[PDB]
């Protein structure tokens, strides 16, 4: 409104301070990138993308006819880390649930060789997937910075990735997670491996009523007993503080 930028900066740093974590949220208006939060130097450090990769995994699988958007991925009946994953689902349902096994099956369909060259073509992060086609986004060697992630989301939001328009639209329909007063929030979460603390992500964009698109990438540390929805909460408060929703 008439709120000073010092106050915006302080308000958003306090959302990270209150959660007792260290993180950054990067916003992009048109060409301009702004870095908020309580740990601004995270912006150009490299982290595994974790499930945020699901977005590119989907783009690639669909572009290369490894799946369709109505196709059902059967649960094989093995006990899963979460009961919510013990069901048959579409890619899109799997995006909302972040169903690692489905994205792993998709990655195996695509294959190491095809995955490696698609990730080069797209030049995502450090572009390196190593030798294990089914976990390189979760344990490395693939890594990416928060700046690169918000630029990725900015590409996909404006259909600039090197995939057909219809492939991009298909994956964007999968990413709708919230509606707030005429604004829509498209995004995918990520949560890295290992003992606490782990990396957390929420990367996407808001599509405003007038058609304007404002990409964001939140990146922070997931501390002992933090709920996943803290990523969402910090993100929503930040976007609201800045009047983007």
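Positions refer to the first chain, counted from 1.
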Is the mean CA B factor in the deposited entry higher across 173-181 or across 50-58? 173-181
142-150 versus 118-126 - greater average Cα B-factor per the deposited record: 118-126
Say you rank 189, 219, 208, 38 by Cα B-factor from the PDB entry; which sits at the top? 208
Which one, 90, 81, 98, 104, has the peak C-alpha temperature factor per the PDB entry? 81
If you rank the chain by CA B-factor, which third does residue 10 end up in: lowest, middle or highest? middle
Considering every modelled residue of the chain and its Cα B-factor in the PDB entry, is residue 94 in the lowest, middle or highest third? lowest
For residue 26, the third of its chain by CA B-factor is the middle
Would the CA B-factor of residue 44 place it in the lowest, middle or highest third of its chain? middle
Residue 198 by Cα B-factor - lowest, middle or highest third of the modelled chain: highest
